[PDB]
Amino acid sequence: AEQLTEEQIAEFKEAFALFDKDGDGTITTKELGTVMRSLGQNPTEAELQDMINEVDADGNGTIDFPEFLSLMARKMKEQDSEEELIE
Ligand SMILES: C[As](C)(=O)[O-]
Ligand SMILES: [Pb+2]
Ligand SMILES: [Pb+2]
Ligand SMILES: [Pb+2]
Ligand SMILES: [Pb+2]
Ligand SMILES: [Pb+2]
Ligand SMILES: [Pb+2]
């Protein structure tokens, strides 16, 4: 019911940085693969691109912070809708 706050955005930027190791404002398939493997995953090279294209709104090949935030916003809107239904 509420849009992302400055503090939430700041926390999301830290999360973004966990993927974007070189801090160039993007998340590549390579960086994505590194994160997936750290969670017990092992997707394929081309399989990583599919996940990227799914979040990559401007279709430039990588994920930028705005698209990352958009996803987080959609997720929050989802949990908020459910938590308001659980009643
Ligand atoms: C969802 As509200 C805090 O604007 O009532
Ligand atoms: Pb409000
Ligand atoms: Pb505060
Ligand atoms: Pb923090
Ligand atoms: Pb990067
Ligand atoms: Pb963008
Ligand atoms: Pb992009």
# chains A, B, ... in the order shown; residues from 1 in each chain; ligands from 1
$ residues_near_ligand --ligand "ligand 6" --cutoff "6 Å" --atoms "only C-alpha atoms and all ligand atoms" --output "PyMOL selection string"
chain A and resi 57-58+64+66-67
$ write_last_selection --atoms "C-alpha atoms" --output "mmCIF file, in the first residue's frame"
data_model
loop_
_atom_site.group_PDB
_atom_site.id
_atom_site.type_symbol
_atom_site.label_atom_id
_atom_site.label_comp_id
_atom_site.auth_asym_id
_atom_site.auth_seq_id
_atom_site.Cartn_x
_atom_site.Cartn_y
_atom_site.Cartn_z
ATOM 1 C CA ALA A 57 13.087 -3.623 -19.263
ATOM 2 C CA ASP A 58 15.026 -1.453 -21.729
ATOM 3 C CA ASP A 64 20.153 -1.566 -14.069
ATOM 4 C CA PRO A 66 15.708 1.136 -11.864
ATOM 5 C CA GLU A 67 14.645 -2.217 -13.310
#
$ residues_near_ligand --ligand "ligand 1" --cutoff "12 Å" --atoms "only C-alpha atoms and all ligand atoms" --output "ChimeraX atom specification"
/A:1-3,77,80-81,84
$ residues_near_ligand --ligand "ligand 5" --cutoff "10 Å" --atoms "only C-alpha atoms and all ligand atoms" --output "PyMOL selection string"
chain A and resi 16-32+62-64
$ closest_residue --among "A:10, A:15, A:46, A:4" --to "ligand 2" --atoms "only C-alpha atoms and all ligand atoms"
A:4
$ select_by_dssp --residues "chain A" --states "alpha helix (DSSP H)" --output "compact mmCIF listing (two decimals) with N, CA and C atoms, in the first residue's frame"
# COMPACT_ATOMS: atom_id res chain seq x y z
N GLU A 6 13.02 5.78 1.06
CA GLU A 6 14.44 6.02 0.84
C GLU A 6 15.31 4.96 1.50
N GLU A 7 14.95 4.58 2.73
CA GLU A 7 15.71 3.57 3.46
C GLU A 7 15.58 2.20 2.81
N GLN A 8 14.41 1.90 2.24
CA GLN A 8 14.22 0.62 1.57
C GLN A 8 15.06 0.62 0.30
N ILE A 9 15.07 1.75 -0.40
CA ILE A 9 15.83 1.87 -1.63
C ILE A 9 17.32 1.71 -1.35
N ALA A 10 17.77 2.26 -0.22
CA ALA A 10 19.16 2.17 0.17
C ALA A 10 19.53 0.71 0.42
N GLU A 11 18.64 -0.03 1.07
CA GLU A 11 18.89 -1.44 1.35
C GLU A 11 18.93 -2.23 0.04
N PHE A 12 18.09 -1.83 -0.91
CA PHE A 12 18.03 -2.49 -2.20
C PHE A 12 19.30 -2.22 -3.01
N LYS A 13 19.92 -1.07 -2.78
CA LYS A 13 21.14 -0.73 -3.50
C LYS A 13 22.28 -1.60 -2.97
N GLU A 14 22.22 -1.94 -1.69
CA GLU A 14 23.26 -2.79 -1.11
C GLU A 14 23.09 -4.17 -1.72
N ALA A 15 21.84 -4.61 -1.86
CA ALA A 15 21.55 -5.91 -2.44
C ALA A 15 22.01 -5.92 -3.90
N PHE A 16 21.72 -4.83 -4.60
CA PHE A 16 22.11 -4.71 -6.00
C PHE A 16 23.63 -4.85 -6.12
N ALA A 17 24.34 -4.21 -5.20
CA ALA A 17 25.80 -4.25 -5.20
C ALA A 17 26.35 -5.65 -4.98
N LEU A 18 25.56 -6.52 -4.35
CA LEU A 18 26.01 -7.89 -4.12
C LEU A 18 26.10 -8.63 -5.45
N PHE A 19 25.32 -8.18 -6.43
CA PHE A 19 25.33 -8.78 -7.76
C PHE A 19 26.35 -8.02 -8.60
N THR A 29 25.06 -11.35 -16.90
CA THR A 29 24.74 -12.77 -16.76
C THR A 29 25.83 -13.44 -15.94
N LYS A 30 27.06 -12.97 -16.10
CA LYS A 30 28.21 -13.51 -15.38
C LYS A 30 28.08 -13.26 -13.88
N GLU A 31 27.74 -12.03 -13.51
CA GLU A 31 27.57 -11.67 -12.11
C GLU A 31 26.36 -12.39 -11.53
N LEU A 32 25.32 -12.56 -12.34
CA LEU A 32 24.11 -13.24 -11.90
C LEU A 32 24.44 -14.69 -11.60
N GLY A 33 25.25 -15.30 -12.46
CA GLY A 33 25.63 -16.69 -12.27
C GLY A 33 26.38 -16.88 -10.96
N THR A 34 27.25 -15.93 -10.64
CA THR A 34 28.04 -16.00 -9.41
C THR A 34 27.13 -16.00 -8.19
N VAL A 35 26.08 -15.19 -8.22
CA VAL A 35 25.14 -15.10 -7.11
C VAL A 35 24.29 -16.36 -6.99
N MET A 36 23.83 -16.88 -8.13
CA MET A 36 23.01 -18.09 -8.13
C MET A 36 23.75 -19.27 -7.52
N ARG A 37 25.03 -19.41 -7.88
CA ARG A 37 25.85 -20.50 -7.39
C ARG A 37 26.11 -20.38 -5.89
N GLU A 45 24.78 -20.74 -19.18
CA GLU A 45 25.13 -19.43 -19.71
C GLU A 45 23.95 -18.76 -20.39
N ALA A 46 23.32 -19.48 -21.32
CA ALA A 46 22.17 -18.96 -22.05
C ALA A 46 20.95 -18.88 -21.14
N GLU A 47 20.95 -19.71 -20.09
CA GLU A 47 19.85 -19.74 -19.15
C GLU A 47 19.90 -18.51 -18.25
N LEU A 48 21.09 -17.93 -18.12
CA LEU A 48 21.27 -16.74 -17.30
C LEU A 48 20.74 -15.53 -18.05
N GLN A 49 20.92 -15.52 -19.36
CA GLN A 49 20.45 -14.41 -20.19
C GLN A 49 18.94 -14.30 -20.14
N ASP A 50 18.26 -15.44 -20.12
CA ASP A 50 16.81 -15.47 -20.07
C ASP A 50 16.29 -14.80 -18.80
N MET A 51 16.98 -15.04 -17.69
CA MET A 51 16.59 -14.44 -16.41
C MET A 51 16.82 -12.93 -16.47
N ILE A 52 17.90 -12.54 -17.14
CA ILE A 52 18.24 -11.13 -17.29
C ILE A 52 17.20 -10.41 -18.15
N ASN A 53 16.89 -10.99 -19.31
CA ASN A 53 15.92 -10.41 -20.23
C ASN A 53 14.56 -10.25 -19.57
N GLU A 54 14.27 -11.11 -18.60
CA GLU A 54 13.00 -11.08 -17.89
C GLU A 54 12.85 -9.81 -17.04
N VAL A 55 13.97 -9.32 -16.52
CA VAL A 55 13.96 -8.12 -15.69
C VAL A 55 14.47 -6.90 -16.45
N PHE A 65 19.72 -0.52 -11.91
CA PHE A 65 19.03 -0.36 -10.64
C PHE A 65 17.53 -0.07 -10.78
N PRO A 66 17.14 0.83 -11.70
CA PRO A 66 15.71 1.14 -11.86
C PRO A 66 14.86 -0.11 -12.13
N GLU A 67 15.36 -0.99 -12.99
CA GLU A 67 14.64 -2.22 -13.31
C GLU A 67 14.65 -3.13 -12.09
N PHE A 68 15.74 -3.09 -11.33
CA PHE A 68 15.86 -3.90 -10.13
C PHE A 68 14.79 -3.43 -9.14
N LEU A 69 14.67 -2.12 -8.99
CA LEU A 69 13.69 -1.55 -8.07
C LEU A 69 12.27 -1.86 -8.51
N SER A 70 12.03 -1.79 -9.82
CA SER A 70 10.71 -2.08 -10.37
C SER A 70 10.29 -3.49 -9.97
N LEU A 71 11.23 -4.42 -10.04
CA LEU A 71 10.96 -5.81 -9.67
C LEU A 71 10.63 -5.91 -8.19
N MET A 72 11.44 -5.26 -7.36
CA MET A 72 11.22 -5.27 -5.91
C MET A 72 9.88 -4.65 -5.57
N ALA A 73 9.49 -3.63 -6.32
CA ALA A 73 8.22 -2.95 -6.10
C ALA A 73 7.07 -3.89 -6.43
N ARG A 74 7.22 -4.64 -7.51
CA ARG A 74 6.20 -5.58 -7.94
C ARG A 74 6.05 -6.68 -6.88
N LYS A 75 7.18 -7.11 -6.33
CA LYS A 75 7.18 -8.15 -5.30
C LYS A 75 6.48 -7.68 -4.03
N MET A 76 6.78 -6.45 -3.63
CA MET A 76 6.17 -5.89 -2.43
C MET A 76 4.67 -5.75 -2.64
N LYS A 77 4.28 -5.27 -3.82
CA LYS A 77 2.88 -5.09 -4.15
C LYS A 77 2.16 -6.44 -4.10
N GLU A 78 2.91 -7.50 -4.39
CA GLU A 78 2.36 -8.85 -4.37
C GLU A 78 2.14 -9.34 -2.94
N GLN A 79 3.17 -9.23 -2.11
CA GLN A 79 3.08 -9.67 -0.73
C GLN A 79 2.05 -8.84 0.04
N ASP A 80 1.97 -7.56 -0.28
CA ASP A 80 1.01 -6.67 0.37
C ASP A 80 -0.41 -7.07 0.01
N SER A 81 -0.60 -7.51 -1.23
CA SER A 81 -1.91 -7.93 -1.70
C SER A 81 -2.33 -9.22 -1.02
N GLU A 82 -1.36 -10.11 -0.80
CA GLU A 82 -1.62 -11.39 -0.15
C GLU A 82 -1.87 -11.21 1.34
N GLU A 83 -0.98 -10.49 2.00
CA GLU A 83 -1.10 -10.24 3.44
C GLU A 83 -2.41 -9.54 3.80
$ closest_residue --among "A:5, A:86, A:41, A:60" --to "ligand 2" --atoms "only C-alpha atoms and all ligand atoms"
A:5
